[PDB]
>>> print(open('protein-v4.txt').read())   # compact mmCIF, C-alpha atoms
# COMPACT_ATOMS: atom_id res chain seq x y z
CA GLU A 660 86.37 -54.48 38.33
CA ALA A 661 86.85 -57.11 35.63
CA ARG A 662 87.19 -59.72 38.39
CA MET A 663 83.85 -58.63 39.87
CA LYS A 664 82.23 -58.66 36.42
CA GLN A 665 83.56 -62.18 35.84
CA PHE A 666 82.23 -63.28 39.23
CA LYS A 667 78.79 -61.89 38.37
CA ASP A 668 78.90 -63.59 34.96
CA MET A 669 79.81 -66.92 36.59
CA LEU A 670 77.00 -66.49 39.13
CA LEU A 671 74.46 -65.73 36.38
CA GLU A 672 75.64 -68.07 33.61
CA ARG A 673 75.94 -71.53 35.23
CA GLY A 674 72.28 -71.71 36.24
CA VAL A 675 72.88 -70.08 39.63
CA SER A 676 71.22 -67.24 41.54
CA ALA A 677 70.71 -65.97 45.09
CA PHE A 678 68.48 -69.04 45.67
CA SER A 679 71.19 -71.65 45.06
CA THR A 680 73.83 -72.53 47.64
CA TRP A 681 77.40 -71.40 47.08
CA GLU A 682 78.52 -74.66 48.72
CA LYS A 683 76.20 -76.48 46.28
CA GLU A 684 77.35 -74.60 43.16
CA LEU A 685 81.00 -74.76 44.26
CA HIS A 686 81.30 -78.13 42.48
CA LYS A 687 80.05 -76.51 39.25
CA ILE A 688 81.76 -73.09 39.28
CA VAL A 689 85.28 -73.73 40.64
CA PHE A 690 86.52 -74.97 37.25
CA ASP A 691 85.65 -71.65 35.59
CA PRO A 692 88.77 -69.58 34.81
CA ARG A 693 86.72 -66.49 35.76
CA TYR A 694 86.41 -67.85 39.31
CA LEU A 695 90.16 -67.41 39.79
CA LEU A 696 89.79 -63.89 38.36
CA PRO A 699 88.13 -65.29 50.53
CA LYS A 700 86.36 -62.00 51.29
CA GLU A 701 86.02 -60.34 47.88
CA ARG A 702 83.95 -63.28 46.62
CA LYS A 703 81.91 -63.20 49.84
CA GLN A 704 81.35 -59.43 49.63
CA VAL A 705 80.33 -59.63 45.97
CA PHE A 706 78.01 -62.56 46.73
CA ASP A 707 76.42 -60.62 49.60
CA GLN A 708 75.89 -57.50 47.47
CA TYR A 709 74.38 -59.61 44.68
CA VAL A 710 72.23 -61.42 47.26
CA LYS A 711 70.82 -58.16 48.61
CA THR A 712 70.28 -56.68 45.14
CA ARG A 713 68.58 -59.89 43.99
CA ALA A 714 66.46 -60.05 47.15
CA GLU A 715 65.14 -56.60 46.24
CA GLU A 716 64.86 -57.55 42.56
CA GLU A 717 62.93 -60.77 43.27
CA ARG A 718 60.34 -58.84 45.28
CA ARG A 719 60.22 -56.36 42.39
CA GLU A 720 59.71 -59.23 39.91
CA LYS A 721 56.96 -60.74 42.05
CA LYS A 722 55.30 -57.31 42.11
CA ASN A 723 55.70 -57.17 38.33
CA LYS A 724 54.03 -60.58 37.97
CA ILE A 725 51.18 -59.50 40.25
CA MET A 726 50.78 -56.36 38.13
CA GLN A 727 50.77 -58.53 35.00
CA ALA A 728 47.96 -60.61 36.50
CA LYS A 729 46.06 -57.41 37.33
CA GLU A 730 46.65 -56.17 33.77
CA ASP A 731 45.35 -59.45 32.33
CA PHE A 732 42.24 -59.06 34.49
CA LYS A 733 41.86 -55.43 33.35
CA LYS A 734 42.21 -56.49 29.71
CA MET A 735 39.58 -59.21 30.16
CA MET A 736 37.20 -56.86 32.00
CA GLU A 737 37.60 -53.40 30.41
CA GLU A 738 38.03 -54.31 26.73
CA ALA A 739 34.23 -54.32 26.35
CA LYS A 740 31.10 -53.12 28.20
CA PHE A 741 32.56 -54.37 31.50
CA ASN A 742 31.86 -57.96 30.30
CA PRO A 743 29.55 -58.75 33.26
CA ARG A 744 28.07 -61.99 31.90
CA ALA A 745 30.52 -62.60 29.05
CA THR A 746 31.81 -66.17 29.07
CA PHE A 747 35.43 -67.23 28.62
CA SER A 748 34.99 -67.73 24.87
CA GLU A 749 33.30 -64.34 24.45
CA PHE A 750 36.02 -62.51 26.39
CA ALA A 751 38.70 -64.49 24.54
CA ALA A 752 37.54 -64.01 20.93
CA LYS A 753 37.52 -60.22 21.42
CA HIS A 754 40.75 -59.89 23.45
CA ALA A 755 43.19 -62.42 21.99
CA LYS A 756 45.39 -59.96 20.07
CA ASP A 757 46.91 -57.43 22.48
CA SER A 758 50.19 -58.10 24.29
CA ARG A 759 48.65 -57.74 27.77
CA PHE A 760 47.00 -61.15 27.44
CA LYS A 761 49.83 -62.55 25.29
CA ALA A 762 52.32 -61.89 28.11
CA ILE A 763 50.50 -64.41 30.32
CA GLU A 764 52.09 -67.78 29.58
CA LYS A 765 49.18 -69.71 31.13
CA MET A 766 45.62 -69.34 29.85
CA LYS A 767 44.05 -71.19 32.80
CA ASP A 768 45.46 -68.48 35.06
CA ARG A 769 43.58 -65.97 32.89
CA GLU A 770 40.29 -67.85 33.36
CA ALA A 771 40.78 -68.23 37.12
CA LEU A 772 41.68 -64.54 37.51
CA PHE A 773 38.70 -63.53 35.38
CA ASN A 774 36.35 -65.63 37.51
CA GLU A 775 37.72 -64.39 40.84
CA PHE A 776 37.82 -60.74 39.75
CA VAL A 777 34.32 -60.98 38.25
CA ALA A 778 32.92 -62.35 41.52
CA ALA A 779 34.74 -59.68 43.55
CA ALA A 780 33.62 -56.91 41.18
CA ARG A 781 30.01 -58.12 41.26
CA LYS A 782 30.07 -58.08 45.07
CA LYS A 783 31.68 -54.62 45.09
CA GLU A 784 29.17 -53.26 42.56
CA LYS A 785 26.24 -54.66 44.55
CA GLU A 786 27.62 -53.15 47.77
CA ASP A 787 28.23 -49.77 46.09
CA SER A 788 24.71 -49.76 44.62
CA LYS A 789 23.27 -50.61 48.04
CA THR A 790 25.31 -47.83 49.70
CA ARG A 791 24.19 -45.30 47.08
CA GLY A 792 20.60 -46.42 47.60
CA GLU A 793 21.00 -46.01 51.36
CA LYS A 794 22.41 -42.51 50.86
CA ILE A 795 19.54 -41.61 48.53
CA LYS A 796 16.98 -42.97 51.01
CA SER A 797 18.57 -40.96 53.82
CA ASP A 798 18.52 -37.81 51.68
CA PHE A 799 14.87 -38.38 50.75
CA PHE A 800 13.92 -38.95 54.40
CA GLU A 801 15.78 -35.80 55.45
CA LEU A 802 14.05 -33.77 52.72
CA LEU A 803 10.64 -35.15 53.73
CA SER A 804 11.33 -34.35 57.40
CA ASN A 805 11.94 -30.70 56.46
CA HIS A 806 8.16 -30.17 56.62
CA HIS A 807 6.14 -30.67 59.81
CA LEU A 808 4.47 -33.86 58.59
CA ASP A 809 2.53 -36.36 60.71
CA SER A 810 -0.21 -38.95 60.21
CA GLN A 811 -2.61 -36.15 59.25
CA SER A 812 -0.25 -34.88 56.54
CA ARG A 813 -0.93 -36.06 52.99
CA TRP A 814 1.42 -36.97 50.15
CA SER A 815 -0.21 -34.34 47.90
CA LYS A 816 1.22 -31.50 50.01
CA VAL A 817 4.60 -33.26 50.16
CA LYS A 818 4.57 -33.36 46.36
CA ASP A 819 3.66 -29.65 46.24
CA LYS A 820 6.31 -28.52 48.76
CA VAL A 821 9.22 -30.99 48.46
CA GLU A 822 9.30 -31.83 44.75
CA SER A 823 11.96 -29.28 43.78
CA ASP A 824 14.43 -30.66 46.33
CA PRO A 825 17.29 -32.58 44.66
CA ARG A 826 17.04 -35.17 47.45
CA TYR A 827 13.56 -36.12 46.22
CA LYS A 828 14.99 -36.29 42.69
CA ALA A 829 17.21 -39.19 43.81
CA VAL A 830 14.09 -41.37 44.15
CA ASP A 831 13.46 -42.36 40.52
CA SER A 832 9.97 -43.74 41.28
CA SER A 833 6.99 -41.71 42.47
CA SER A 834 5.31 -44.78 43.97
CA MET A 835 8.48 -45.52 45.94
CA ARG A 836 8.53 -41.93 47.19
CA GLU A 837 4.88 -42.20 48.28
CA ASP A 838 5.59 -45.49 50.06
CA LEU A 839 8.59 -43.94 51.83
CA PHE A 840 6.45 -40.97 52.90
CA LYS A 841 3.78 -43.35 54.23
CA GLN A 842 6.41 -45.34 56.13
CA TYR A 843 7.91 -42.17 57.63
CA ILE A 844 4.42 -40.97 58.62
CA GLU A 845 3.53 -44.32 60.24
CA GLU A 856 20.78 -41.95 70.15
CA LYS A 857 22.31 -45.44 70.14
CA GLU A 858 22.91 -46.51 73.76
CA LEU A 859 19.24 -45.87 74.47
CA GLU A 860 18.70 -47.98 71.35
CA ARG A 861 20.75 -50.70 73.09
CA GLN A 862 18.42 -50.46 76.08
CA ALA A 863 15.54 -50.67 73.58
CA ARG A 864 16.91 -53.99 72.29
CA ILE A 865 17.27 -55.19 75.90
CA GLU A 866 13.62 -54.23 76.41
CA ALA A 867 12.75 -56.07 73.19
CA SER A 868 14.37 -59.22 74.55
CA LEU A 869 12.50 -58.75 77.83
CA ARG A 870 9.12 -58.38 76.14
CA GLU A 871 9.63 -61.33 73.79
CA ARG A 872 10.63 -63.53 76.73
CA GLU A 873 7.61 -62.22 78.62
CA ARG A 874 5.13 -63.07 75.84
CA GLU A 875 6.64 -66.54 75.37
CA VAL A 876 6.59 -67.41 79.08
CA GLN A 877 3.13 -65.87 79.53
CA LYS A 878 1.68 -68.00 76.73
CA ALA A 879 3.27 -71.15 78.16
CA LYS B 3 54.56 -81.59 47.96
CA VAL B 4 51.04 -80.60 46.95
CA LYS B 5 49.79 -81.65 50.39
CA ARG B 6 50.45 -78.72 52.73
CA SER B 7 49.10 -77.19 55.96
CA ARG B 8 45.85 -75.80 54.48
CA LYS B 9 47.18 -72.21 54.42
CA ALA B 10 49.33 -69.84 52.36
CA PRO B 11 53.12 -69.92 52.71
CA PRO B 12 54.73 -66.91 54.42
CA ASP B 13 56.39 -64.05 52.54
CA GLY B 14 59.53 -64.89 50.60
CA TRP B 15 58.26 -68.38 49.74
CA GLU B 16 58.15 -67.91 45.95
CA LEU B 17 61.82 -66.89 45.98
CA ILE B 18 62.88 -70.35 47.18
CA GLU B 19 59.96 -72.43 45.87
CA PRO B 20 61.47 -73.50 42.48
CA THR B 21 64.62 -74.86 44.14
CA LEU B 22 62.50 -76.84 46.60
CA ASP B 23 60.40 -78.10 43.68
CA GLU B 24 63.54 -79.32 41.92
CA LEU B 25 64.71 -81.04 45.11
CA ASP B 26 61.27 -82.63 45.55
CA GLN B 27 61.43 -83.92 41.97
CA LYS B 28 64.89 -85.35 42.64
CA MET B 29 63.63 -87.04 45.81
CA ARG B 30 60.64 -88.57 44.01
CA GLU B 31 62.91 -89.78 41.21
CA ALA B 32 65.17 -91.38 43.83
CA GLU B 33 62.20 -93.14 45.46
CA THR B 34 61.09 -94.80 42.21
CA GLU B 35 64.66 -95.88 41.33
CA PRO B 36 64.72 -99.66 40.74
CA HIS B 37 66.95 -101.55 43.16
CA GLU B 38 68.45 -104.02 40.65
CA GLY B 39 72.13 -103.65 39.83
CA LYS B 40 72.96 -102.09 43.20
CA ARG B 41 73.49 -103.67 46.60
CA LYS B 42 70.80 -103.78 49.28
CA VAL B 43 71.85 -100.64 51.16
CA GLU B 44 73.05 -98.51 48.23
CA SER B 45 69.45 -97.99 47.06
CA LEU B 46 68.84 -96.02 50.27
CA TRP B 47 71.97 -93.91 49.72
CA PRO B 48 70.50 -91.16 47.47
CA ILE B 49 67.55 -90.28 49.73
CA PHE B 50 69.85 -89.47 52.65
CA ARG B 51 72.03 -87.32 50.40
CA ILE B 52 69.04 -85.54 48.89
CA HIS B 53 67.62 -85.04 52.37
CA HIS B 54 70.98 -83.67 53.49
CA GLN B 55 71.14 -81.45 50.42
CA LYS B 56 67.55 -80.41 51.02
CA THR B 57 68.32 -79.57 54.63
CA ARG B 58 71.41 -77.67 53.48
CA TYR B 59 69.28 -75.46 51.25
CA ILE B 60 67.15 -74.06 54.07
CA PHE B 61 70.11 -74.02 56.46
CA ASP B 62 72.14 -71.91 54.00
CA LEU B 63 69.23 -69.46 53.71
CA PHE B 64 68.66 -68.70 57.41
CA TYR B 65 72.19 -68.56 58.89
CA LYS B 66 74.80 -68.06 56.15
CA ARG B 67 72.66 -65.88 53.87
CA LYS B 68 69.82 -64.64 56.12
CA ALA B 69 67.65 -64.66 53.00
CA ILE B 70 64.41 -65.87 54.66
CA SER B 71 62.30 -64.76 57.59
CA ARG B 72 61.92 -66.63 60.87
CA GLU B 73 58.31 -67.57 60.12
CA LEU B 74 59.31 -68.83 56.66
CA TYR B 75 62.09 -70.89 58.25
CA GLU B 76 59.63 -72.48 60.67
CA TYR B 77 57.18 -73.09 57.81
CA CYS B 78 59.93 -74.91 55.92
CA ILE B 79 60.65 -76.88 59.10
CA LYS B 80 57.00 -77.85 59.56
CA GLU B 81 56.51 -78.92 55.93
CA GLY B 82 59.25 -81.56 55.96
CA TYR B 83 61.61 -79.57 53.74
CA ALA B 84 64.02 -78.93 56.61
CA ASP B 85 65.13 -81.43 59.25
CA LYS B 86 64.95 -79.90 62.72
CA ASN B 87 67.23 -82.48 64.35
CA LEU B 88 69.87 -82.34 61.60
CA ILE B 89 69.94 -78.54 61.77
CA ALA B 90 70.21 -78.70 65.56
CA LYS B 91 73.21 -81.00 65.21
CA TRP B 92 74.81 -78.70 62.63
CA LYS B 93 74.75 -75.75 65.04
CA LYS B 94 77.27 -77.61 67.22
CA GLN B 95 81.05 -77.53 66.78
CA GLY B 96 82.55 -80.35 64.75
CA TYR B 97 79.13 -81.38 63.40
CA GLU B 98 78.91 -78.73 60.67
CA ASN B 99 79.42 -81.26 57.86
CA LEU B 100 77.36 -84.05 59.43
CA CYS B 101 75.79 -86.17 56.70
CA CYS B 102 72.89 -87.89 58.48
CA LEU B 103 71.61 -88.38 62.01
CA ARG B 104 72.15 -92.14 61.87
CA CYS B 105 75.93 -91.79 61.59
CA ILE B 106 76.10 -90.41 65.16
CA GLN B 107 73.40 -92.61 66.74
CA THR B 108 75.69 -94.38 69.19
CA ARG B 109 73.80 -97.61 69.86
CA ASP B 110 72.84 -98.25 66.24
CA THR B 111 76.37 -99.63 65.89
CA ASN B 112 77.29 -102.84 67.69
CA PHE B 113 79.70 -101.19 70.14
CA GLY B 114 78.08 -97.85 71.00
CA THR B 115 80.29 -95.96 68.54
CA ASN B 116 79.70 -93.65 65.59
CA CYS B 117 79.91 -94.39 61.88
CA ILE B 118 83.28 -94.77 60.19
CA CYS B 119 82.69 -91.53 58.28
CA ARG B 120 82.70 -89.63 61.58
CA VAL B 121 86.42 -90.41 61.96
CA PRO B 122 88.44 -87.37 60.82
CA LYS B 123 90.73 -87.81 57.83
CA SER B 124 93.66 -86.61 59.97
CA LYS B 125 93.62 -89.73 62.15
CA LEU B 126 92.38 -91.92 59.29
CA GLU B 127 94.48 -94.27 57.18
CA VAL B 128 96.06 -92.41 54.27
CA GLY B 129 94.23 -93.46 51.11
CA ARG B 130 91.69 -95.92 52.51
CA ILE B 131 88.30 -96.27 50.82
CA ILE B 132 85.73 -94.56 53.05
CA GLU B 133 82.26 -95.78 52.03
CA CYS B 134 79.61 -95.46 54.74
CA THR B 135 76.93 -98.15 54.81
CA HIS B 136 74.16 -96.04 56.36
CA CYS B 137 74.30 -93.24 53.78
CA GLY B 138 77.43 -93.65 51.64
CA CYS B 139 79.60 -90.61 52.34
CA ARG B 140 83.37 -90.17 52.11
CA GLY B 141 83.67 -88.94 55.69
CA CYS B 142 81.30 -86.34 57.13
CA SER B 143 83.74 -85.12 59.79
CA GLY B 144 85.31 -81.67 59.93
>>> encode(input="protein-v4.txt", output="structure tokens")
Amino acid sequence: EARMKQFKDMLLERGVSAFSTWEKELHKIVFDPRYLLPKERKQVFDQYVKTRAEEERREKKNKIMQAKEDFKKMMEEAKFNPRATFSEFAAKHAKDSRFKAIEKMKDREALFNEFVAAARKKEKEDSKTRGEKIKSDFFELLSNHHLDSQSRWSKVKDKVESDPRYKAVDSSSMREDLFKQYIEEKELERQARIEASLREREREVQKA
Amino acid sequence: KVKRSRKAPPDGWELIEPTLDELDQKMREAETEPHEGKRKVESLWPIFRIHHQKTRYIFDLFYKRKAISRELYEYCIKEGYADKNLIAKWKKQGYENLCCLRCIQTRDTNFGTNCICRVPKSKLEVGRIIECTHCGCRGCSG
């Protein structure tokens, strides 16, 4: 057991690891008295190699998590810092150890920029999806009444106002415009697009 | 080597990247080494060795340690870190400790032979100085 401990100490003390050749560190470790203390060395090296192959992936995951934590510190230490510049996000978040763990500050700026762009895209997409869901709910609530071109928005306001779906539309003018649009399943839609192509080609060729 | 194949390296790259960076630094330092004070051919000696050492590093990670994936090994091959021909020669029997490809190129020598370092120490003169001219090795035989 002491021989194995000495072998591990020699492997970790002379600037060696699982990413340095044994036949390249043999000229730097053979003189160690602990080296003298075939197959046991090979077995220990293999076990250390496997353990360190797991541990290096773990350390890379730890570094990725540290980058994510630096991004979270730069983004969630204030009111989401949407348009806060590097100086603004630095003067308010230069004390905690989450940012102090990052040895490079340029990495912090690059991560902040990339994460801010990704978060802006994600927020825009989420807002658009919520708006689509609200529009679908409003259209479904408006379709609950037998409305046509003769139907007026005054009766829709008197019979569909209490519906929570109509409450999703925060503007009355927008609701009226949606009602007017609505007043004036997919393979057949594909044939409809084919027909659209046919009619557009027909009008073009007929004009020519 | 900042100049790469316009992509991201395969998984397991960061494990071996610092050692390759150190070898790249050594190679660059060897390139810029002034050639005054040495002979004409000795200035080329380090590169070979570094190249050999470099090609050892990947070759000791895919066969004797199995520490890298196949795709990572081919990425190292394609980026100039590993030498495909030298590795192919090493797979043979009796060519495990081959220093450089030039020492076995038959017709590079005047008589269609190998380098002097290819001669095994068993049938070599006892105590002779063995200094190769192509790469400067003490005998790359078995």
>>> residues_around(input="protein-v4.txt", residues="segment 28-32 of chain B", least_positions_apart="3", cutoff="8 Å", atoms="only C-alpha atoms", output="list in words")
residues 24, 25, 35, 48, 49, 52 and 53 of chain B
>>> write_last_selection(input="protein-v4.txt", atoms="C-alpha atoms", output="mmCIF file, keeping the file's coordinate frame")
data_model
loop_
_atom_site.group_PDB
_atom_site.id
_atom_site.type_symbol
_atom_site.label_atom_id
_atom_site.label_comp_id
_atom_site.auth_asym_id
_atom_site.auth_seq_id
_atom_site.Cartn_x
_atom_site.Cartn_y
_atom_site.Cartn_z
ATOM 1 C CA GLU B 24 63.540 -79.320 41.920
ATOM 2 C CA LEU B 25 64.710 -81.040 45.110
ATOM 3 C CA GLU B 35 64.660 -95.880 41.330
ATOM 4 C CA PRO B 48 70.500 -91.160 47.470
ATOM 5 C CA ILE B 49 67.550 -90.280 49.730
ATOM 6 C CA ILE B 52 69.040 -85.540 48.890
ATOM 7 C CA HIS B 53 67.620 -85.040 52.370
#
>>> closest_residue(input="protein-v4.txt", among="A:838, A:730, A:749, A:672", to="residue 687 of chain A", atoms="only C-alpha atoms")
A:672
>>> closest_atom_pairs(input="protein-v4.txt", of="chain B", to="chain A", cutoff="10 Å", atoms="all atoms listed in the file", output="Markdown table")
| residue | atom | partner | partner_atom | distance |
| --- | --- | --- | --- | --- |
| B:13 | CA | A:718 | CA | 9.8 |
| B:14 | CA | A:718 | CA | 8.1 |
| B:16 | CA | A:721 | CA | 8.2 |
| B:17 | CA | A:717 | CA | 6.8 |
| B:18 | CA | A:678 | CA | 5.9 |
| B:19 | CA | A:678 | CA | 9.2 |
| B:20 | CA | A:678 | CA | 8.9 |
| B:21 | CA | A:678 | CA | 7.1 |
| B:22 | CA | A:678 | CA | 9.9 |
| B:55 | CA | A:683 | CA | 8.2 |
| B:58 | CA | A:680 | CA | 8.1 |
| B:59 | CA | A:680 | CA | 6.5 |
| B:60 | CA | A:680 | CA | 9.4 |
| B:61 | CA | A:680 | CA | 9.7 |
| B:62 | CA | A:680 | CA | 6.6 |
| B:63 | CA | A:678 | CA | 8.1 |
| B:66 | CA | A:680 | CA | 9.7 |
| B:67 | CA | A:707 | CA | 7.7 |
| B:68 | CA | A:710 | CA | 9.7 |
| B:69 | CA | A:714 | CA | 7.5 |
| B:70 | CA | A:714 | CA | 9.7 |
>>> closest_residue(input="protein-v4.txt", among="B:125, B:26, B:143, B:117", to="residue 84 of chain B", atoms="only C-alpha atoms")
B:26
>>> closest_residue(input="protein-v4.txt", among="A:784, A:660, A:764, A:860", to="residue 727 of chain A", atoms="only C-alpha atoms")
A:764
>>> atom_distance(input="protein-v4.txt", atom1="atom CA of residue 795 of chain A", atom2="atom CA of residue 816 of chain A")
21.0 Å
>>> residues_around(input="protein-v4.txt", residues="segment 695-701 of chain A", least_positions_apart="5", cutoff="12 Å", atoms="only C-alpha atoms", output="PyMOL selection string")
chain A and resi 660-669+688-690+706-708
>>> residues_around(input="protein-v4.txt", residues="segment 89-101 of chain B", least_positions_apart="5", cutoff="9 Å", atoms="only C-alpha atoms", output="VMD selection string")
chain B and resid 50 to 51 54 57 to 58 61 84 106 119 to 120 137 139 141 to 144
>>> residues_around(input="protein-v4.txt", residues="residue 840 of chain A", least_positions_apart="6", cutoff="8 Å", atoms="all atoms listed in the file", output="ChimeraX atom specification")
/A:800,803,814
>>> build_atoms(input="protein-v4.txt", residues="segment 61-81 of chain B", atoms="N, CA, C and O atoms", output="PDB file, keeping the file's coordinate frame")
ATOM      1  N   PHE B  61      69.130 -74.422  55.465  1.00  0.00           N
ATOM      2  CA  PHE B  61      70.110 -74.020  56.460  1.00  0.00           C
ATOM      3  C   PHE B  61      71.093 -72.984  55.933  1.00  0.00           C
ATOM      4  O   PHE B  61      71.656 -72.221  56.725  1.00  0.00           O
ATOM      5  N   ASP B  62      71.307 -72.933  54.621  1.00  0.00           N
ATOM      6  CA  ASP B  62      72.140 -71.910  54.000  1.00  0.00           C
ATOM      7  C   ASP B  62      71.350 -70.667  53.628  1.00  0.00           C
ATOM      8  O   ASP B  62      71.911 -69.745  53.028  1.00  0.00           O
ATOM      9  N   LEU B  63      70.060 -70.623  53.963  1.00  0.00           N
ATOM     10  CA  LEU B  63      69.230 -69.460  53.710  1.00  0.00           C
ATOM     11  C   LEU B  63      68.814 -68.732  54.978  1.00  0.00           C
ATOM     12  O   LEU B  63      68.269 -67.627  54.888  1.00  0.00           O
ATOM     13  N   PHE B  64      69.052 -69.312  56.151  1.00  0.00           N
ATOM     14  CA  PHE B  64      68.660 -68.700  57.410  1.00  0.00           C
ATOM     15  C   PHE B  64      69.837 -68.321  58.300  1.00  0.00           C
ATOM     16  O   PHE B  64      69.651 -67.510  59.214  1.00  0.00           O
ATOM     17  N   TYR B  65      71.027 -68.867  58.069  1.00  0.00           N
ATOM     18  CA  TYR B  65      72.190 -68.560  58.890  1.00  0.00           C
ATOM     19  C   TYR B  65      73.332 -67.956  58.091  1.00  0.00           C
ATOM     20  O   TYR B  65      73.902 -66.942  58.510  1.00  0.00           O
ATOM     21  N   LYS B  66      73.685 -68.541  56.950  1.00  0.00           N
ATOM     22  CA  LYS B  66      74.800 -68.060  56.150  1.00  0.00           C
ATOM     23  C   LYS B  66      74.386 -67.106  55.039  1.00  0.00           C
ATOM     24  O   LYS B  66      75.256 -66.582  54.337  1.00  0.00           O
ATOM     25  N   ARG B  67      73.089 -66.869  54.851  1.00  0.00           N
ATOM     26  CA  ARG B  67      72.660 -65.880  53.870  1.00  0.00           C
ATOM     27  C   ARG B  67      71.588 -64.960  54.439  1.00  0.00           C
ATOM     28  O   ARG B  67      71.401 -63.844  53.942  1.00  0.00           O
ATOM     29  N   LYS B  68      70.881 -65.421  55.473  1.00  0.00           N
ATOM     30  CA  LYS B  68      69.820 -64.640  56.120  1.00  0.00           C
ATOM     31  C   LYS B  68      68.785 -64.174  55.102  1.00  0.00           C
ATOM     32  O   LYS B  68      68.249 -63.069  55.193  1.00  0.00           O
ATOM     33  N   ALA B  69      68.499 -65.029  54.122  1.00  0.00           N
ATOM     34  CA  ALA B  69      67.650 -64.660  53.000  1.00  0.00           C
ATOM     35  C   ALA B  69      66.167 -64.925  53.248  1.00  0.00           C
ATOM     36  O   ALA B  69      65.343 -64.559  52.402  1.00  0.00           O
ATOM     37  N   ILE B  70      65.804 -65.545  54.371  1.00  0.00           N
ATOM     38  CA  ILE B  70      64.410 -65.870  54.660  1.00  0.00           C
ATOM     39  C   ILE B  70      64.071 -65.396  56.068  1.00  0.00           C
ATOM     40  O   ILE B  70      64.940 -65.214  56.923  1.00  0.00           O
ATOM     41  N   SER B  71      62.778 -65.198  56.296  1.00  0.00           N
ATOM     42  CA  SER B  71      62.300 -64.760  57.590  1.00  0.00           C
ATOM     43  C   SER B  71      62.251 -65.928  58.572  1.00  0.00           C
ATOM     44  O   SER B  71      62.393 -67.096  58.202  1.00  0.00           O
ATOM     45  N   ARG B  72      62.056 -65.596  59.850  1.00  0.00           N
ATOM     46  CA  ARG B  72      61.920 -66.630  60.870  1.00  0.00           C
ATOM     47  C   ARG B  72      60.676 -67.476  60.635  1.00  0.00           C
ATOM     48  O   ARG B  72      60.732 -68.708  60.722  1.00  0.00           O
ATOM     49  N   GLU B  73      59.547 -66.832  60.331  1.00  0.00           N
ATOM     50  CA  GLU B  73      58.310 -67.570  60.120  1.00  0.00           C
ATOM     51  C   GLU B  73      58.412 -68.465  58.887  1.00  0.00           C
ATOM     52  O   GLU B  73      57.904 -69.590  58.890  1.00  0.00           O
ATOM     53  N   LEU B  74      59.070 -67.985  57.830  1.00  0.00           N
ATOM     54  CA  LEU B  74      59.310 -68.830  56.660  1.00  0.00           C
ATOM     55  C   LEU B  74      60.207 -70.014  57.000  1.00  0.00           C
ATOM     56  O   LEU B  74      59.986 -71.120  56.498  1.00  0.00           O
ATOM     57  N   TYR B  75      61.226 -69.797  57.831  1.00  0.00           N
ATOM     58  CA  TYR B  75      62.090 -70.890  58.250  1.00  0.00           C
ATOM     59  C   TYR B  75      61.312 -71.952  59.014  1.00  0.00           C
ATOM     60  O   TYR B  75      61.474 -73.153  58.770  1.00  0.00           O
ATOM     61  N   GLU B  76      60.454 -71.526  59.941  1.00  0.00           N
ATOM     62  CA  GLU B  76      59.630 -72.480  60.670  1.00  0.00           C
ATOM     63  C   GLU B  76      58.595 -73.155  59.778  1.00  0.00           C
ATOM     64  O   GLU B  76      58.256 -74.318  60.014  1.00  0.00           O
ATOM     65  N   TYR B  77      58.083 -72.454  58.764  1.00  0.00           N
ATOM     66  CA  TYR B  77      57.180 -73.090  57.810  1.00  0.00           C
ATOM     67  C   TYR B  77      57.895 -74.165  57.009  1.00  0.00           C
ATOM     68  O   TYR B  77      57.332 -75.236  56.754  1.00  0.00           O
ATOM     69  N   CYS B  78      59.132 -73.893  56.591  1.00  0.00           N
ATOM     70  CA  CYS B  78      59.930 -74.910  55.920  1.00  0.00           C
ATOM     71  C   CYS B  78      60.214 -76.086  56.844  1.00  0.00           C
ATOM     72  O   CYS B  78      60.226 -77.237  56.396  1.00  0.00           O
ATOM     73  N   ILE B  79      60.455 -75.812  58.125  1.00  0.00           N
ATOM     74  CA  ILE B  79      60.650 -76.880  59.100  1.00  0.00           C
ATOM     75  C   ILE B  79      59.399 -77.750  59.192  1.00  0.00           C
ATOM     76  O   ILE B  79      59.473 -78.983  59.154  1.00  0.00           O
ATOM     77  N   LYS B  80      58.231 -77.116  59.299  1.00  0.00           N
ATOM     78  CA  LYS B  80      57.000 -77.850  59.560  1.00  0.00           C
ATOM     79  C   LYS B  80      56.493 -78.607  58.345  1.00  0.00           C
ATOM     80  O   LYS B  80      55.655 -79.503  58.496  1.00  0.00           O
ATOM     81  N   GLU B  81      56.973 -78.279  57.151  1.00  0.00           N
ATOM     82  CA  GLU B  81      56.510 -78.920  55.930  1.00  0.00           C
ATOM     83  C   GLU B  81      57.385 -80.081  55.493  1.00  0.00           C
ATOM     84  O   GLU B  81      57.159 -80.643  54.417  1.00  0.00           O
TER      85      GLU B  81
END
